[PDB]
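There are 2 protein chains.
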Amino acid sequence: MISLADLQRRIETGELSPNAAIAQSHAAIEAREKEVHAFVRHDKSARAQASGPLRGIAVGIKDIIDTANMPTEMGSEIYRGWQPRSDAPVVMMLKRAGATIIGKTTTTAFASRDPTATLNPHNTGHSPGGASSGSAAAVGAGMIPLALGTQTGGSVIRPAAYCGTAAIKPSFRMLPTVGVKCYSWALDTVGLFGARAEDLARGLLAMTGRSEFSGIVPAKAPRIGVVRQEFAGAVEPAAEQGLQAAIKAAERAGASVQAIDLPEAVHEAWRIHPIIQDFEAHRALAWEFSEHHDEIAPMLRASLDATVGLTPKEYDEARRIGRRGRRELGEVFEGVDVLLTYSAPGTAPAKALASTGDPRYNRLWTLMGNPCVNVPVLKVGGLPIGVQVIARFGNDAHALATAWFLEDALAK
Amino acid sequence: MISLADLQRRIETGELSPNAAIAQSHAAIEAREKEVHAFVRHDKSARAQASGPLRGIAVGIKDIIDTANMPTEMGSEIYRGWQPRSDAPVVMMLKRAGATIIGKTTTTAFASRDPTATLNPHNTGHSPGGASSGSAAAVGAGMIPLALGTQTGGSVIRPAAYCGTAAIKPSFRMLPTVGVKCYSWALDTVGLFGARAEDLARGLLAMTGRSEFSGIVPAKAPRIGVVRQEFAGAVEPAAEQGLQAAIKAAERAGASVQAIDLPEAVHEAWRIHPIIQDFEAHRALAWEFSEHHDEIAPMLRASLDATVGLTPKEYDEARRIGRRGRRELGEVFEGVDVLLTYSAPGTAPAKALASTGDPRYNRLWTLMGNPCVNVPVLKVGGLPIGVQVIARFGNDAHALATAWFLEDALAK
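Printed below as a string of structure tokens:
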């Protein structure tokens, strides 16, 4: 993988030139695209910018995120050749920082369940996860130092775990979803894919200019609370192997780890997530569902069909349960600085299964809005397994700090 | 003005056909558009639907809201001929209810300060208000029964007041802002314009399918709390004359009115509304400001150029203040059912002032998220004056009931 921070430092000390950095990505992409299929379109003419912390940094953009110079096809035939008039605000945050928009990465149709052609860098016979399939795969294949994706259920954490890359889902609404195809406005959150925690940090700093993302340093003796999300069901062995590996490493590094069971209010918030997601999806994809029903990919079309009956009443109750859950989650963070759990059910599913993986271990947090970071831990049978670091809402900076701490911890 | 409720009942019993109703609006638009200029585009071919609670109901759409069959130019030359691919969810809410999208109503450039060419229906020498200029002017001129607009500061209530039409800015996020050109995502709220409060209820019921809007009826002896928003300075005589006339009409109608002070926390919220608004504005229009700076309407260009320096720090600090204002505001409704205040600084300014009017008596409420309803009180010099009925967050139904009550109270 390509480290953004590494590129940054080297370019800063005139050790590496921006044009060089960019030319390397163009090479890295072509070098493996016919094998991974991470890009919907690759702008081979993209060049480094003159100034800015992100000059020489090539970035991939999930194709539900508007670009003014490239089509944004939403992963649907319904939007084939669709060309937005402007760049999404998050794309502008990168461009303003000096970034190079090297292309649009693949995405499941409307960021849902329908698999793309993208394959896992670690194993071409496996899925790279979803819905940010291309962003995760491309960063995992060492094609680009950064990529943007989005999360409604678990389209950022899950695929990063499956592809063995670091990633983060900032606190809800921190990054604007303006010019980002909506699935569910109560959940939709933009995310970043990088090689390491430090890379995500420098990316957020550049995009937002928020001081809390400046000079972040690994956490010292973090207080960690381990939650296995029992309510989500039975986890796969490989996922547990990684969690135990992560726990053991953290303990050796000085962390105090303690198991904990989440409040009943949280179990509930987790159960009604589908309600909020699906009731809104029907409002959000009204035009598509009414005028182009049959053109909506199979899996998404089926879940929308099964849920046309959701009512505003049960939708409102779902949200009350959501709020209850947030208020009680905050209490948990009194005795811990972070929570550590699974990032996915297990290693990435074989492509033959036609599944991008179950978001059951991710969905809850998207609803709570807390910052989440995926920390690569190990690999079983060649397929990556990561753990998920979660902090109090608004403390994205510490989450990355602890994730960083964990990365070093695992490296011993 | 055309009553949505009236047409609904006459169409239901069979007294009026949907085709006739739509042919009615087309003619009404024809008869006045040349002198009011409320539409950016009037679809003369738009036909009625055979079924649905809104069949035979023509609706005007503020031009920052996406439509699939008509351009959405954002009141800006930057978007001349811009054609969205899909209808915005709120537009689909209307279409699914059986309504007819009759045209796009004028909006100031990106819904900010820059005046449109629309004129006040009550006196063409005056402003119809902004930014939802066309939507208010069209309904106020008896052209159409309903119209959608938006409010970041006071774009729904103020223009409604100026044109003497009923209108409601529902509870924040009840109506999705997907497909609605973003100004400030923490503020932007879709709203409706109609003849009377009842037409609003019916409009929301059909769009949302929420039972709270079903069977609404005038309120009885409401507990009204009068707030004059002193923090926003004194209003103009005409505005106070209209407020005093509403209190008197309500009292004489059985209501109990008591003057109230707003918690200091709320005053502070009104103060930092501009920080949240303009800061987010800069992210939401990053493409416009960076790529087409000089093409941005003068006034908005100036306000943006002046807020370039706002920091994430003062922004976070402003939001924090906004949340406190919300909690404590909820306290105020523990002894009162609704708040009664000003809808605008006074009567509509003369076009010669190149001003859509100061939103200072509107902005707070948009930040708090509460449902607000404009109630036409009287007229000074022929120019309409209204008052604003505000209920707790999520009590739109009651805000409409008290508005309906006040309307009857003023009818003596």
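In order, the protein sequences belong to chains A and B. Per the deposited numbering, the first sequence starts with residue 1, numbered consecutively. Per the deposited numbering, the second sequence starts with residue 1, numbered consecutively. Beta carbons: idealized from backbone N, C-alpha and C, even for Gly.
Terminal residues of the alpha helix (DSSP H) in which residue i lies
{"i": "B/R41", "result": "Per DSSP, B/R41 belongs to no alpha helix (DSSP H); it is in the beta strand (DSSP E), 39 to 42."}
{"i": "B/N19", "result": "18 to 36"}
{"i": "A/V332", "result": "312 to 332"}
{"i": "B/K248", "result": "237 to 251"}
{"i": "A/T366", "result": "363 to 368"}
{"i": "A/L410", "result": "396 to 410"}
{"i": "B/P298", "result": "298 to 307"}
Terminal residues of the beta strand (DSSP E) in which residue i lies
{"i": "B/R223", "result": "223 to 226"}
{"i": "A/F193", "result": "189 to 194"}
{"i": "B/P84", "result": "It is not in any beta strand (DSSP E) - B/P84 carries neither H nor E in the DSSP assignment."}
{"i": "B/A147", "result": "146 to 151"}
{"i": "A/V375", "result": "372 to 380"}
{"i": "A/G154", "result": "No beta strand (DSSP E) holds A/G154; DSSP gives it neither H nor E."}
{"i": "B/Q277", "result": "From DSSP, B/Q277 is part of no beta strand (DSSP E) but of the alpha helix (DSSP H) over 264 to 284."}
{"i": "B/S256", "result": "256 to 259"}
{"i": "B/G203", "result": "Where B/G203 is concerned, there is no enclosing beta strand (DSSP E), although the alpha helix (DSSP H) it sits in stretches over 197 to 208."}
Span separating the alpha-carbon of residue i from that of residue j
{"i": "A/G382", "j": "A/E251", "result": "26 Å"}
{"i": "B/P53", "j": "B/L205", "result": "9 Å"}
{"i": "B/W287", "j": "B/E73", "result": "15 Å"}
{"i": "B/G60", "j": "B/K104", "result": "6 Å"}
{"i": "B/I275", "j": "B/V308", "result": "11 Å"}
{"i": "A/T107", "j": "A/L4", "result": "23 Å"}
{"i": "A/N19", "j": "A/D6", "result": "15 Å"}
{"i": "A/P145", "j": "A/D305", "result": "39 Å"}
{"i": "A/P176", "j": "A/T189", "result": "8 Å"}
{"i": "A/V373", "j": "A/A197", "result": "8 Å"}
{"i": "A/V389", "j": "B/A38", "result": "53 Å"}
{"i": "A/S86", "j": "A/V257", "result": "47 Å"}
{"i": "A/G203", "j": "A/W404", "result": "15 Å"}
{"i": "B/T402", "j": "B/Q8", "result": "22 Å"}
{"i": "B/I22", "j": "B/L94", "result": "15 Å"}
{"i": "A/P298", "j": "A/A354", "result": "12 Å"}
{"i": "A/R323", "j": "A/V266", "result": "10 Å"}
{"i": "B/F289", "j": "A/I216", "result": "31 Å"}
{"i": "B/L187", "j": "B/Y361", "result": "15 Å"}
Of the listed residues the options, nearest to residue i (C-alpha basis)
{"i": "B/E317", "options": "B/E291, B/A352, B/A269, B/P345", "result": "B/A269"}
{"i": "residue 413 of chain A", "options": "A/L148, A/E236, A/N374, A/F405", "result": "Because chain A spans 1 through 412 in this model, residue 413 of chain A falls outside it and cannot be assessed."}
{"i": "A/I64", "options": "A/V178, A/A195, A/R228", "result": "A/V178"}
{"i": "A/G75", "options": "A/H398, A/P345, A/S112, A/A201", "result": "A/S112"}
{"i": "B/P263", "options": "B/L54, B/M368, B/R10, B/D43", "result": "B/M368"}
{"i": "B/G56", "options": "B/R10, B/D87, B/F39", "result": "B/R10"}
{"i": "A/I272", "options": "A/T124, A/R363, A/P349, A/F393", "result": "A/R363"}
{"i": "B/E291", "options": "A/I78, A/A58, A/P89", "result": "A/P89"}
{"i": "B/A219", "options": "B/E33, B/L7, B/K412, B/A399", "result": "B/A399"}
{"i": "A/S211", "options": "A/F405, A/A23, A/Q24, A/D396", "result": "A/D396"}
{"i": "B/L310", "options": "A/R301, A/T208, A/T356, A/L300", "result": "A/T208"}
{"i": "A/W82", "options": "A/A255, A/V40, A/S51, A/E314", "result": "A/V40"}
{"i": "residue 419 of chain A", "options": "A/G386, A/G225, A/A232", "result": "Residue 419 of chain A is absent from the model: chain A starts at 1 and stops at 412."}
{"i": "A/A109", "options": "A/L353, A/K62, A/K351", "result": "A/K62"}
{"i": "B/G357", "options": "B/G98, B/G154, B/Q24", "result": "B/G154"}
{"i": "A/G233", "options": "A/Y342, A/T347, A/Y79", "result": "A/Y342"}
{"i": "B/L406", "options": "B/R319, B/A255, B/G140", "result": "B/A255"}
{"i": "A/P371", "options": "A/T100, A/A409, A/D337, A/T67", "result": "A/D337"}
{"i": "residue 500 of chain B", "options": "B/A302, B/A348, B/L340", "result": "Residue 500 of chain B is absent from the structure shown; chain B starts at 1 and stops at 412."}
{"i": "B/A238", "options": "B/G346, B/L119, B/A48, B/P84", "result": "B/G346"}
Three or more C-beta pairs below 8 Å linking the region 149 to 167 of chain A and the region 118 to 129 of chain A: yes
contact_flag[the region 129 to 147 of chain B, the region 317 to 335 of chain B] where n(CB pairs < 8 Å) is 3 or more: no
Against chain A: residues of the region 168 to 193 of chain B by CB proximity under 7 Å: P176, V178, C182, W185
Against chain B: residues of the region 85 to 110 of chain A by CB proximity under 9 Å: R85, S86, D87, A88, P89, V90, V91, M92, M93, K95, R96
Residues of the region 209 to 235 of chain A with Cβ closer than 8 Å to any Cβ of chain B, in chain order: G209, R210, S211
Inter-stretch contact (C-beta, 8 Å, three-pair minimum) for the region 185 to 197 of chain A and the region 163 to 170 of chain A: yes
Near-chain B residues of the region 268 to 286 of chain A - C-beta to any C-beta below 7 Å: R283, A284, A286
Chain-ordered residues of the region 58 to 79 of chain B with a beta carbon less than 7 Å from chain A: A68, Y79
contact_flag[the region 11 to 27 of chain B, the region 235 to 247 of chain A] where n(CB pairs < 8 Å) is 3 or more: no
Interface residues of the region 311 to 344 of chain B facing chain A [CB-CB below 9 Å]: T311, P312, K313, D316
Near-chain B residues of the region 350 to 371 of chain A (beta-carbon distance less than 8 Å), N- to C-terminal order: none
Residues within the region 109 to 126 of chain A neighbouring chain B, beta-carbon criterion of under 7 Å: none
Selection of the region 42 to 53 of chain B by Cβ proximity to chain A, strictly under 9 Å: none
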